[PDB]
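Okay, start28.cif is below, mmCIF, C-alpha atoms:
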data_data
#
loop_
_atom_site.label_atom_id
_atom_site.label_comp_id
_atom_site.auth_asym_id
_atom_site.auth_seq_id
_atom_site.Cartn_x
_atom_site.Cartn_y
_atom_site.Cartn_z
CA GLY M 1 10.99 -10.45 10.89
CA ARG M 2 14.60 -9.36 10.42
CA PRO M 3 14.62 -5.82 11.83
CA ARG M 4 13.77 -5.69 15.54
CA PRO M 5 10.18 -4.47 16.11
CA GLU M 6 11.35 -1.16 17.61
CA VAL M 7 13.55 -0.53 14.57
CA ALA M 8 10.80 -1.57 12.16
CA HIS M 9 8.43 0.80 13.96
CA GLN M 10 10.69 3.78 13.29
CA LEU M 11 11.47 2.78 9.71
CA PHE M 12 7.70 2.56 9.22
CA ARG M 13 6.93 6.02 10.68
CA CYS M 14 9.95 7.72 9.11
CA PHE M 15 9.32 6.30 5.66
CA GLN M 16 9.82 8.78 2.83
CA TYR M 17 8.02 8.55 -0.49
CA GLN M 18 9.94 8.38 -3.75
CA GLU M 19 8.24 8.48 -7.15
CA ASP M 20 11.13 6.66 -8.82
CA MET M 21 9.99 3.39 -7.21
CA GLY M 22 6.24 3.97 -7.38
CA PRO M 23 3.09 3.41 -5.27
CA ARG M 24 3.18 -0.37 -5.39
CA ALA M 25 6.78 -0.66 -4.23
CA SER M 26 6.17 1.85 -1.43
CA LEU M 27 3.08 0.06 -0.19
CA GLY M 28 4.97 -3.25 -0.31
CA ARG M 29 7.82 -1.88 1.77
CA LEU M 30 5.43 -0.27 4.28
CA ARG M 31 3.47 -3.53 4.53
CA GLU M 32 6.63 -5.52 5.39
CA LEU M 33 7.74 -2.94 7.97
CA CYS M 34 4.29 -2.87 9.55
CA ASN M 35 4.41 -6.66 9.88
CA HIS M 36 7.94 -6.53 11.34
CA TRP M 37 6.71 -4.04 13.93
CA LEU M 38 3.29 -5.39 14.92
CA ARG M 39 4.04 -9.11 14.43
CA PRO M 40 0.53 -10.42 13.80
CA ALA M 41 1.86 -14.00 13.95
CA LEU M 42 2.65 -13.38 17.63
CA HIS M 43 -0.10 -10.98 18.68
CA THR M 44 -3.91 -11.10 18.87
CA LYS M 45 -5.99 -8.26 17.46
CA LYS M 46 -6.38 -7.07 21.02
CA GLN M 47 -2.62 -6.81 21.44
CA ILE M 48 -2.07 -5.16 18.06
CA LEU M 49 -4.64 -2.47 18.93
CA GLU M 50 -3.02 -2.01 22.35
CA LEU M 51 0.31 -1.29 20.67
CA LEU M 52 -1.35 1.37 18.49
CA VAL M 53 -3.07 2.84 21.54
CA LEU M 54 0.28 3.02 23.34
CA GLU M 55 1.98 4.68 20.37
CA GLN M 56 -0.64 7.42 20.34
CA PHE M 57 -0.61 7.76 24.14
CA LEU M 58 3.18 8.11 24.43
CA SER M 59 3.18 10.66 21.63
CA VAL M 60 1.12 13.09 23.76
CA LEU M 61 2.97 12.67 27.10
CA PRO M 62 5.08 15.52 28.50
CA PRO M 63 8.82 14.68 28.30
CA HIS M 64 9.10 14.46 32.09
CA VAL M 65 6.20 12.02 32.28
CA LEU M 66 7.55 9.93 29.43
CA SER M 67 10.92 9.80 31.19
CA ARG M 68 9.19 8.01 34.05
CA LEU M 69 8.60 5.16 31.61
CA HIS M 70 12.29 5.05 30.69
CA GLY M 71 13.36 1.39 30.56
CA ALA M 72 9.90 -0.01 31.28
CA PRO M 73 8.04 -2.48 29.05
CA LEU M 74 5.42 -0.92 26.82
CA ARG M 75 3.03 -3.71 25.87
CA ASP M 76 -0.08 -3.15 27.97
CA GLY M 77 -1.89 0.06 28.86
CA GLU M 78 -2.87 -1.40 32.21
CA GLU M 79 0.79 -1.76 33.08
CA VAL M 80 1.78 1.71 31.79
CA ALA M 81 -1.09 3.29 33.73
CA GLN M 82 -0.22 1.55 36.99
CA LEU M 83 3.39 2.65 36.41
CA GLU M 84 1.97 6.11 37.04
CA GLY M 85 -1.06 5.40 39.21
CA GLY N 1 -19.09 2.05 17.46
CA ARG N 2 -20.94 5.37 17.66
CA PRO N 3 -18.56 7.78 15.89
CA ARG N 4 -18.01 6.90 12.23
CA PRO N 5 -14.60 5.24 11.69
CA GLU N 6 -13.22 8.26 9.81
CA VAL N 7 -14.25 10.54 12.67
CA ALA N 8 -12.87 8.15 15.29
CA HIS N 9 -9.61 8.03 13.36
CA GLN N 10 -9.15 11.79 13.61
CA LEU N 11 -10.26 11.98 17.24
CA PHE N 12 -7.66 9.27 17.92
CA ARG N 13 -4.78 11.06 16.14
CA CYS N 14 -5.72 14.53 17.39
CA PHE N 15 -6.10 13.43 20.99
CA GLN N 16 -4.64 15.85 23.53
CA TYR N 17 -3.36 14.78 26.92
CA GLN N 18 -4.72 16.32 30.10
CA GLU N 19 -3.29 15.58 33.54
CA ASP N 20 -6.56 16.44 35.27
CA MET N 21 -8.06 13.15 34.06
CA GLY N 22 -4.95 10.99 34.32
CA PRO N 23 -3.15 8.20 32.41
CA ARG N 24 -5.82 5.56 32.93
CA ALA N 25 -8.66 7.72 31.65
CA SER N 26 -6.60 8.80 28.63
CA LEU N 27 -5.66 5.26 27.71
CA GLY N 28 -9.31 4.21 28.10
CA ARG N 29 -10.51 6.94 25.77
CA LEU N 30 -7.78 6.18 23.20
CA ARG N 31 -8.62 2.48 23.38
CA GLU N 32 -12.31 3.15 22.60
CA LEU N 33 -11.44 5.49 19.72
CA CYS N 34 -8.97 2.99 18.28
CA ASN N 35 -11.68 0.33 18.34
CA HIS N 36 -14.20 2.71 16.73
CA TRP N 37 -11.71 3.37 13.95
CA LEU N 38 -10.20 -0.06 13.26
CA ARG N 39 -13.30 -2.15 14.10
CA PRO N 40 -11.64 -5.45 15.01
CA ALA N 41 -15.08 -7.12 15.17
CA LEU N 42 -15.38 -6.50 11.42
CA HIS N 43 -11.78 -6.79 10.23
CA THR N 44 -9.12 -9.53 10.22
CA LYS N 45 -5.59 -8.79 11.42
CA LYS N 46 -4.63 -8.57 7.77
CA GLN N 47 -7.19 -5.83 7.17
CA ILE N 48 -6.31 -3.92 10.34
CA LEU N 49 -2.64 -3.86 9.30
CA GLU N 50 -3.62 -2.76 5.79
CA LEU N 51 -5.47 0.22 7.24
CA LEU N 52 -2.34 1.21 9.20
CA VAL N 53 -0.21 0.75 6.09
CA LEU N 54 -2.58 3.01 4.14
CA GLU N 55 -2.54 5.68 6.85
CA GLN N 56 1.25 5.83 6.70
CA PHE N 57 1.30 5.71 2.90
CA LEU N 58 -1.20 8.54 2.41
CA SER N 59 0.67 10.66 4.92
CA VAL N 60 3.75 10.76 2.65
CA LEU N 61 1.99 11.39 -0.71
CA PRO N 62 2.37 14.74 -2.49
CA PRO N 63 -0.90 16.74 -2.35
CA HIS N 64 -1.41 16.38 -6.11
CA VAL N 65 -1.02 12.61 -5.92
CA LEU N 66 -3.31 12.34 -2.93
CA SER N 67 -5.91 14.40 -4.80
CA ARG N 68 -6.01 11.62 -7.39
CA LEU N 69 -7.45 9.43 -4.65
CA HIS N 70 -10.16 11.99 -3.87
CA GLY N 71 -13.45 10.13 -3.41
CA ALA N 72 -11.95 6.66 -3.84
CA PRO N 73 -12.22 3.84 -1.29
CA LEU N 74 -9.15 3.38 0.88
CA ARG N 75 -9.32 -0.17 2.21
CA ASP N 76 -6.77 -2.14 0.19
CA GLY N 77 -3.29 -1.18 -0.94
CA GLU N 78 -3.72 -3.25 -4.08
CA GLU N 79 -6.65 -1.07 -5.07
CA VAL N 80 -4.92 2.23 -4.18
CA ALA N 81 -1.83 1.18 -6.15
CA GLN N 82 -3.80 0.20 -9.25
CA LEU N 83 -5.62 3.53 -8.94
CA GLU N 84 -2.23 4.97 -9.86
CA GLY N 85 -0.63 2.14 -11.82
#

Go through the file and emit its structure as structure tokens.
Amino acid sequence: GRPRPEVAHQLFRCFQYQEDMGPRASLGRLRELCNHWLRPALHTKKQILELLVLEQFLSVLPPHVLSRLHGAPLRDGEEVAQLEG
Amino acid sequence: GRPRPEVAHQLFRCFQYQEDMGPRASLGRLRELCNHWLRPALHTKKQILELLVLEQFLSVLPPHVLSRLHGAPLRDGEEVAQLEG
């Protein structure tokens, strides 16, 4: 989409609800952001799940372990794992 | 899979890292749980994304709004939205 996937990802997770726009508008906005992040037109189900798996995995890493991934691609668990044995 | 999808979902989100098993074991466990939750064998990409959209949406609802969804199916944003206009 328009926002880069990394930016879409954060907009998606940091989304704040507002009654003034309503459930349907909020779901619509979340749905667009989720598409901009996970890009189903580009990725197989396998790859989409791998991106979710990585999000959860990185969220539980100690800061000093995470820092070892600084700059590295984050698309495949196999690659992340080998990046740390 | 074996754990019900709702249970897998929580095991996935509540996963704690442990160095003693390592990155590869952790990613493997997360990958299984993510599959048990999102069931790509049963769901299209569209449906998998909708489940992620719903997870994010419900996470930002006020408790009293969420309670209005108590007992209701949570598979389609269209249905959740109409459940609240």

### Message
Please check the contacts: residues of chain N at most 10 Å away from chain M, using all atoms listed in the file, listed as an MDAnalysis selection string.
### Response
chainID N and resid 12:19 22:35 38:41 43:46 48:50 52:54 56:62 77:85

Moved chain N, fitted on chain M by every C-alpha in sequence order, as a PDB file with C-alpha atoms, in the frame of the given file:
ATOM      1  CA  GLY N   1      10.985 -10.449  10.892  1.00  0.00           C
ATOM      2  CA  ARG N   2      14.605  -9.370  10.426  1.00  0.00           C
ATOM      3  CA  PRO N   3      14.624  -5.818  11.836  1.00  0.00           C
ATOM      4  CA  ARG N   4      13.772  -5.689  15.541  1.00  0.00           C
ATOM      5  CA  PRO N   5      10.186  -4.467  16.108  1.00  0.00           C
ATOM      6  CA  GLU N   6      11.353  -1.157  17.606  1.00  0.00           C
ATOM      7  CA  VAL N   7      13.552  -0.533  14.570  1.00  0.00           C
ATOM      8  CA  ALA N   8      10.795  -1.562  12.157  1.00  0.00           C
ATOM      9  CA  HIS N   9       8.439   0.803  13.951  1.00  0.00           C
ATOM     10  CA  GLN N  10      10.693   3.786  13.294  1.00  0.00           C
ATOM     11  CA  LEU N  11      11.474   2.780   9.713  1.00  0.00           C
ATOM     12  CA  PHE N  12       7.697   2.565   9.210  1.00  0.00           C
ATOM     13  CA  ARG N  13       6.927   6.019  10.674  1.00  0.00           C
ATOM     14  CA  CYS N  14       9.950   7.725   9.111  1.00  0.00           C
ATOM     15  CA  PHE N  15       9.314   6.302   5.663  1.00  0.00           C
ATOM     16  CA  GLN N  16       9.825   8.779   2.827  1.00  0.00           C
ATOM     17  CA  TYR N  17       8.020   8.545  -0.484  1.00  0.00           C
ATOM     18  CA  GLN N  18       9.932   8.379  -3.747  1.00  0.00           C
ATOM     19  CA  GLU N  19       8.245   8.481  -7.148  1.00  0.00           C
ATOM     20  CA  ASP N  20      11.128   6.659  -8.820  1.00  0.00           C
ATOM     21  CA  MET N  21       9.990   3.393  -7.214  1.00  0.00           C
ATOM     22  CA  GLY N  22       6.242   3.968  -7.378  1.00  0.00           C
ATOM     23  CA  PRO N  23       3.095   3.411  -5.266  1.00  0.00           C
ATOM     24  CA  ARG N  24       3.179  -0.376  -5.398  1.00  0.00           C
ATOM     25  CA  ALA N  25       6.775  -0.658  -4.231  1.00  0.00           C
ATOM     26  CA  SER N  26       6.159   1.850  -1.428  1.00  0.00           C
ATOM     27  CA  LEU N  27       3.074   0.060  -0.186  1.00  0.00           C
ATOM     28  CA  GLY N  28       4.969  -3.252  -0.313  1.00  0.00           C
ATOM     29  CA  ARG N  29       7.818  -1.885   1.770  1.00  0.00           C
ATOM     30  CA  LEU N  30       5.429  -0.278   4.289  1.00  0.00           C
ATOM     31  CA  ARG N  31       3.473  -3.525   4.528  1.00  0.00           C
ATOM     32  CA  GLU N  32       6.633  -5.512   5.388  1.00  0.00           C
ATOM     33  CA  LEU N  33       7.741  -2.938   7.971  1.00  0.00           C
ATOM     34  CA  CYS N  34       4.291  -2.873   9.558  1.00  0.00           C
ATOM     35  CA  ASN N  35       4.409  -6.655   9.887  1.00  0.00           C
ATOM     36  CA  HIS N  36       7.939  -6.524  11.345  1.00  0.00           C
ATOM     37  CA  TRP N  37       6.713  -4.044  13.936  1.00  0.00           C
ATOM     38  CA  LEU N  38       3.283  -5.386  14.914  1.00  0.00           C
ATOM     39  CA  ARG N  39       4.044  -9.109  14.425  1.00  0.00           C
ATOM     40  CA  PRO N  40       0.528 -10.420  13.794  1.00  0.00           C
ATOM     41  CA  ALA N  41       1.853 -14.007  13.951  1.00  0.00           C
ATOM     42  CA  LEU N  42       2.654 -13.382  17.626  1.00  0.00           C
ATOM     43  CA  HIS N  43      -0.096 -10.980  18.689  1.00  0.00           C
ATOM     44  CA  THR N  44      -3.908 -11.104  18.872  1.00  0.00           C
ATOM     45  CA  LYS N  45      -5.997  -8.261  17.456  1.00  0.00           C
ATOM     46  CA  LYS N  46      -6.386  -7.063  21.020  1.00  0.00           C
ATOM     47  CA  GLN N  47      -2.620  -6.807  21.439  1.00  0.00           C
ATOM     48  CA  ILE N  48      -2.069  -5.160  18.054  1.00  0.00           C
ATOM     49  CA  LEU N  49      -4.634  -2.475  18.929  1.00  0.00           C
ATOM     50  CA  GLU N  50      -3.020  -2.001  22.344  1.00  0.00           C
ATOM     51  CA  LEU N  51       0.313  -1.295  20.671  1.00  0.00           C
ATOM     52  CA  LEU N  52      -1.346   1.372  18.490  1.00  0.00           C
ATOM     53  CA  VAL N  53      -3.072   2.835  21.539  1.00  0.00           C
ATOM     54  CA  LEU N  54       0.282   3.019  23.342  1.00  0.00           C
ATOM     55  CA  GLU N  55       1.983   4.677  20.370  1.00  0.00           C
ATOM     56  CA  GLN N  56      -0.644   7.417  20.346  1.00  0.00           C
ATOM     57  CA  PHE N  57      -0.604   7.759  24.132  1.00  0.00           C
ATOM     58  CA  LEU N  58       3.176   8.110  24.430  1.00  0.00           C
ATOM     59  CA  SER N  59       3.184  10.659  21.638  1.00  0.00           C
ATOM     60  CA  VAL N  60       1.124  13.092  23.755  1.00  0.00           C
ATOM     61  CA  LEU N  61       2.970  12.676  27.102  1.00  0.00           C
ATOM     62  CA  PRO N  62       5.083  15.521  28.508  1.00  0.00           C
ATOM     63  CA  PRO N  63       8.820  14.680  28.297  1.00  0.00           C
ATOM     64  CA  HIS N  64       9.097  14.460  32.092  1.00  0.00           C
ATOM     65  CA  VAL N  65       6.204  12.011  32.278  1.00  0.00           C
ATOM     66  CA  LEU N  66       7.546   9.927  29.430  1.00  0.00           C
ATOM     67  CA  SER N  67      10.925   9.800  31.183  1.00  0.00           C
ATOM     68  CA  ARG N  68       9.185   8.009  34.049  1.00  0.00           C
ATOM     69  CA  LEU N  69       8.599   5.163  31.614  1.00  0.00           C
ATOM     70  CA  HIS N  70      12.291   5.044  30.686  1.00  0.00           C
ATOM     71  CA  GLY N  71      13.363   1.393  30.559  1.00  0.00           C
ATOM     72  CA  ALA N  72       9.902  -0.011  31.283  1.00  0.00           C
ATOM     73  CA  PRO N  73       8.043  -2.481  29.053  1.00  0.00           C
ATOM     74  CA  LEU N  74       5.418  -0.915  26.816  1.00  0.00           C
ATOM     75  CA  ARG N  75       3.034  -3.712  25.870  1.00  0.00           C
ATOM     76  CA  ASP N  76      -0.084  -3.152  27.975  1.00  0.00           C
ATOM     77  CA  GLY N  77      -1.887   0.055  28.854  1.00  0.00           C
ATOM     78  CA  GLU N  78      -2.874  -1.398  32.207  1.00  0.00           C
ATOM     79  CA  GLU N  79       0.788  -1.758  33.086  1.00  0.00           C
ATOM     80  CA  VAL N  80       1.780   1.707  31.788  1.00  0.00           C
ATOM     81  CA  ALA N  81      -1.094   3.293  33.726  1.00  0.00           C
ATOM     82  CA  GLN N  82      -0.218   1.552  36.990  1.00  0.00           C
ATOM     83  CA  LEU N  83       3.383   2.647  36.412  1.00  0.00           C
ATOM     84  CA  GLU N  84       1.967   6.114  37.036  1.00  0.00           C
ATOM     85  CA  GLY N  85      -1.060   5.396  39.211  1.00  0.00           C
TER      86      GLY N  85
END

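A straight line drawn from CA of residue 47 in chain M to CA of residue 5 in chain M is 14.1 Å long.
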
### Task
Record the distance separating CA of residue 9 in chain M and CA of residue 73 in chain M, expressed in Å with one decimal.
15.4 Å

### Message
Would you compute the distance between CA of residue 71 in chain M and CA of residue 55 in chain M? Give it in Å to one decimal.
### Response
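So the two atoms, CA of residue 71 in chain M and CA of residue 55 in chain M, lie 15.6 Å apart.
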
### Task
Find the residues near residue 2 in chain N: any atom within 10 Å, counting all atoms listed in the file, skip ones fewer than 4 places away on the same chain, and give them as a list in words.
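That gives residues 7, 8, 33 and 36 of chain N.
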
### Message
I'd like to know which of M:42, M:37, M:63, M:76 is closest to residue 4 in chain M, using all atoms listed in the file.
### Response
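Closest to residue 4 in chain M, using all atoms listed in the file: M:37.
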